[PDB]
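Residue numbers (the authors' numbering), protein chains in the order written: chain E, 79 to 146; chain 4, 46 to 242; chain 6, 56 to 266; chain F, 78 to 235; chain J, 1 to 42. In what follows, a structure is listed as C-alpha cells, so that the remarks can point back to it.
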Ligand code: CLA
Ligand code: CLA
Ligand code: CLA
Ligand SMILES: CC(/C=C/C=C(C)/C=C/[C@@]12O[C@]1(C)C[C@@H](O)CC2(C)C)=C\C=C\C=C(C)\C=C\C=C(C)\C=C\[C@@]12O[C@]1(C)C[C@@H](O)CC2(C)C
C-alpha cells in the first residue's frame, strides 16, 4: 500500500548521471529496493559492457528518465 | 498478377493495386511507400519520353531510307543547319522546361495545388489523378481505365529498353539501326554482337 | 514408396558392416555407402540425390553420343571421327554463338526446373480437361504425359523403386564410362572402340602398363 | 600544353626512353636460342611495352620535359581520363561498399547478441543484402530526406 | 555438416576466399589491359 518508488519492471531508462560510462544511455531496470534508507536503490542492466567489465550499477531516481 | 517467376511469392510492396504489378523488385528498393510513389512517377515520365524518343529515332530513319523524305540521322541532326542556332533553341527549351517541370514537381509535393492556369480563372482545370493529368491533356475524353495504364507502362518499359539498345548500338557501330536490321535479315548468324567485336 | 531397411533386404556394399543409421535406403540405388557422411542432414541428402539423378541422366546422354557415332564410323556407313576432337569441329557458326544460345535456352529451362525444386507443384505443365484428375509429382519424376507418356514411372510395368534403381545404377556406371573415356583420351589418342579392340587383340600386354 | 607540357605523341624524350628501353631489352634477348620460351616471353614483353608507348601516344597525355607522362587534374574535362571519370567510378564503388556494410549492420542489430553475427556473418542474410549496391546513391538520399540517416542526442548504448 | 557450414562462415576463411577472388579479378584485368594508366573510353 505504501507506493513503491522507482519504475515497475522492464522500463527502459535513460541515464541522466554524468560521471558514469552510460551518460545518455539506454538501460533496463531489474529491481528497486523499497527501503527508504538506501541512497542508490535502483539497479540497471545494459547491453554494452564498460571498461571494468561490469554491466550493472546503482542510481537514485533523480538520475533516471522513464523513457519508453 | 503475373509474377514473372512462376514459383516466387510477390513481396508485400507491390500488391496489385498499381498498374503493371508483377513483384519485379529482386532488390527491395521501393519497400518504402513514398519512394514507391516517387519511382512510379519516374517510370511514368521516363517511359513517356522514351516512347517519344524511340519514335523519333525509328520513324525518320525508315522514311528516309524509303525515298519519300530526307532527314539526317538522329545523331547526324545536331551538326545540321537550321533556321535557329543551337544555343538559342536550347535556352528557350531551358526556360520553358524550368516552368513546366517545376509545376509538375509542385503538383507532386502537393496534390491538387497548382491546378489553375494562374493567368485566367476560368478554363483552368478539373481535379486530376497524380501521374494522370486532367482535361487539357486528354482532349479525346479517353476514360483512364485499366488495360490502358498497363498497356502504357508495358510499351514504355519496352521503349526504354529499345532506346538503351539504340544508344549502345550506335556506340559500338555509329550506324543506323534499321541498317543493322537489314544486315541481320541478310544472315542473323553472320550479323550479331559477336562478329562486331 | 517402399523402404529398404537393414537386414537381408539391405545388401550392404561392405559385407559384415552396419550401414550409417541416417542411410535408410529409401532412395533407390542405396547400399549404405557414405563413409564421409555427407548425407548427414536431410536437406543435403535430397539436394545430393537431385544432383546424382541429373548427373546420371546427362552422363547417359554423353556416353551414348560418344559411343554410337564412333562405332558407326568404324564399321557403319558414315565415318564420325574422333569425338574428343569434334569439340573444335568447324560448323556454319562460331562456337561462341552456339555457347550463348545454349546458355540462354538451358538457363530458361533449368531455371523453371530450379523453381519447381524450390517450390514443388507450383511450376508444372499438366493440362486439365474437366473431370479427369491429374497426377502429383515426386520432383525428379515430373509425371504426366509429357515425360512419362509410356506410363512407365507409375506402377504397371515395374514397381517404381526397382526401375529408379535401374536408372541410378546405370547412371553411376555411365559416369564412370564418361570419366574413363575422357581420361583415356588424355592418355591415349584413339576412341573407346579402338582401345577396346586393342585390348581384345593383346589382353596380356596391351594395357595401361604397355609402356 | 598546360604550362608548356607537350604531349609525347610529339615530344622527343619519350621516344628516347622508349628507344633505350627496347634497346636494353633486345640486347638482353640475344643470349639464348631465338626460339627458347624465355626468349619468346622476352620478345613478348618487348612488343608489350612498345604497344604501351603507342597507347600512351593516343590519349592526349601531356608529357614532361624529361620524357614522362604527367597527369592534368586541374578540372578541365579535356584531360579527364585520368581523374574525373576514375574518381567518380571509385566513389561509386566506395559508396556501394559503405552502404552495403551499414545496411547489413543495421539489419543484424536486432538479435540476441549481435557480436555472434558480427564475428560469424549471416552469409544467407549477407547474400540477400549484398547486391543492393545499385541503390546506394538513391536510397541513402531518401534517408537524409526523411532524416533516418543520422541521430541527434543518442550517443552511448545504441 | 551444418557445423562445418557455421565454421566456414567464420570471418577468417570467408575473408581469405573473398580476397583471393578479388585479387584474381584484379590480376586478370591487368592481364587483359596491360599498364592501364588512363581512362581511354570517354
Ligand atoms: C528492344 C530491344 C532490342 C532489340 C530489338 C535489339 C536488336 C538488335 N541488337 Mg541490341 N541491345 C539492346 C536491346 C535491343 N537490341 C540493349 C538493351 C543492349 C544493351 C545491353 C543491346 C546491345 C547490343 C549490341 C552491343 C549489339 C546489338 C545488336 C543488335 C542486332 C543484332 C542482334 C544481336 O547481336 O543481339 C543483340 C545483343 C544484345 C546484348 C541485346 C540484348 C537485349 C536484351 C536481352 C533485351 C531484349 C530481349 C527481347 C525481349 C528479345 C528481342 C525482342 C525482339 C525479338 C522484338 C539487333 C538488330 C548487334 C548489332 O547491331 O549487330 C548487328 C550488336 O553488336 N545490341
Ligand atoms: C567402366 C569402366 C572402365 C572400363 C571398362 C575401361 C576399359 C579400358 N580402359 Mg579405362 N579408365 C576408366 C574406366 C574404365 N576403363 C577410368 C575411370 C579411368 C580414369 C582413371 C580410365 C583410364 C584409362 C587409361 C588412362 C587407359 C585406359 C585404357 C583402357 C582399355 C585397356 C585396359 C587398360 O589398360 O586400362 C585399365 C583401366 C583402368 C586401370 C582404369 C581403372 C578404373 C576402372 C573403373 C576400373 C574399375 C573396374 C570396373 C568398375 C568393373 C567393371 C565394370 C563393368 C565394365 C563390368 C580398356 C578398354 C587404356 C586404353 O586406352 O586402352 C588401350 C589406357 O591407356 N583407361
Ligand atoms: C561499412 C562499414 C563502414 C562504414 C560505413 C564506415 C564509415 C566511416 N568510417 Mg569507418 N571503419 C570501418 C567500417 C566502416 N566505416 C571498419 C571495419 C574499421 C576498422 C578497420 C573502420 C575504421 C575507421 C577509422 C579509424 C576511421 C573511420 C572513419 C569513418 C568515417 C569517414 C570515412 C573514413 O575515413 O573511412 C576511411 C576508410 C576506412 C577506415 C576503411 C574501413 C572500411 C572497411 C574496410 C569496410 C568494412 C566492410 C565490412 C567489414 C565487410 C563485410 C561486407 C558485408 C558482406 C557485411 C565514416 C563515417 C573515420 C572517422 O572517424 O571519420 C569522422 C576514421 O578516422 N573508420
Ligand atoms: C532502361 C531504363 C531503366 C531501366 C531500369 C530497370 C530495368 C530497373 C530494374 C530494377 O529496378 C527494378 C525494376 C527492380 C530491382 O529490384 C531490380 C532492378 C533491375 C534494379 C530507363 C531508360 C530510359 C530512357 C529514356 C527516358 C529515354 C528517353 C529518350 C529520349 C527523350 C530521346 C530523345 C531523342 O530522340 C529524340 C527525342 C530526338 C533525337 O534526335 C535526339 C534525342 C535527344 C536522342
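Note that the Cβ used here is the ideal one computed from N, Cα and C, for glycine as well.
Given residue i, which residues of its chain have a CB within under 7 Å of its CB, disregarding the five upstream and five downstream residues?
i	result
residue 114 (chain 6)	226, 229, 230 and 233
residue 243 (chain 6)	250
residue 92 (chain 6)	75
residue 202 (chain 4)	92
residue 137 (chain 6)	246
Could one say the Cβ of residue i lies closer than 9 Å to chain E's Cβ atoms, at least one of them?
i	result
residue 187 (chain F)	no
residue 184 (chain F)	no
residue 233 (chain F)	yes
residue 230 (chain F)	yes
Does residue i come within less than 9 Å of chain 4 when only Cβ atoms are used?
i	result
residue 171 (chain 6)	yes
residue 212 (chain F)	yes
Can you grab the Cα-Cα spacing for the pair residue i / residue j, in whole Å?
i	j	result
residue 261 (chain 6)	residue 254 (chain 6)	5 Å
residue 112 (chain E)	residue 80 (chain E)	10 Å
residue 202 (chain F)	residue 195 (chain F)	12 Å
residue 86 (chain F)	residue 80 (chain F)	17 Å
residue 214 (chain 4)	residue 124 (chain F)	33 Å
residue 183 (chain 4)	residue 101 (chain 4)	22 Å
residue 66 (chain 4)	residue 78 (chain 6)	46 Å
residue 197 (chain F)	residue 218 (chain F)	30 Å
residue 72 (chain 4)	residue 174 (chain 6)	21 Å
residue 213 (chain 6)	residue 207 (chain 6)	7 Å
residue 106 (chain F)	residue 163 (chain 6)	53 Å
residue 85 (chain 4)	residue 177 (chain 4)	11 Å
residue 126 (chain E)	residue 89 (chain E)	17 Å
residue 165 (chain F)	residue 120 (chain F)	37 Å
Where does residue i sit, in a helix, a strand or coil, going by DSSP?
i	result
residue 123 (chain E)	strand
residue 250 (chain 6)	helix
residue 174 (chain 4)	strand
residue 150 (chain 6)	helix
residue 200 (chain F)	helix
residue 137 (chain E)	strand
residue 83 (chain F)	coil
residue 15 (chain J)	helix
residue 154 (chain 4)	helix
residue 211 (chain 6)	coil
residue 38 (chain J)	coil
residue 57 (chain 6)	coil
residue 62 (chain 4)	coil
Please tell me whether residue i has its Cβ less than 9 Å away from any Cβ of chain 6.
i	result
residue 20 (chain 4)	Residue 20 (chain 4) cannot be examined here, being either before or after the span of chain 4 that is shown, 46 to 242.
residue 119 (chain 4)	no
residue 234 (chain 4)	yes
residue 56 (chain 4)	no
Which residues in the same chain have their Cβ closer than 6 Å to the Cβ of residue i, if we skip the five residues on either side of it in sequence?
i	result
residue 94 (chain F)	144
residue 117 (chain 4)	125
Strictly under 9 Å for the Cβ-Cβ distance: is residue i near chain J by that measure?
i	result
residue 93 (chain 6)	yes
residue 131 (chain F)	no
residue 176 (chain F)	no
residue 96 (chain 6)	yes
residue 128 (chain F)	yes
residue 158 (chain F)	yes
residue 143 (chain F)	no
Within the 9 Å Cβ cut-off, does residue i reach chain F?
i	result
residue 6 (chain J)	yes
residue 26 (chain J)	no
residue 84 (chain E)	no
residue 146 (chain E)	no
Please tell me whether, using a cut-off of 8 Å, the distance from the CB of residue i to the nearest non-hydrogen atom of ligand 5 is below it.
i	result
residue 217 (chain 4)	Ligand 5 is not among the ligands present in this structure, which contains only ligand 1, ligand 2, ligand 3 and ligand 4.
Who are the near neighbours of residue i in its chain, counting only those whose CB is closer than 8 Å to its CB and skipping five residues on each side?
i	result
residue 122 (chain F)	102
residue 36 (chain J)	29 and 30
Q) Residues near ligand 4, CB to any non-hydrogen atom under 6 Å, in chain order? A) Per the Cβ criterion, the list is 69 (chain 4), 70 (chain 4), 71 (chain 4), 72 (chain 4), 74 (chain 4), 91 (chain 4), 94 (chain 4), 95 (chain 4), 97 (chain 4), 98 (chain 4), 101 (chain 4), 102 (chain 4), 119 (chain 4), 122 (chain 4), 205 (chain 4), 206 (chain 4), 208 (chain 4), 209 (chain 4) and 211 (chain F).
Q) With distances taken from each beta carbon to the nearest heavy atom of ligand 3, which residues come in below 5 Å, in chain order? A) Listed by chain position, these are 175 (chain F), 178 (chain F), 179 (chain F), 181 (chain F) and 203 (chain F).
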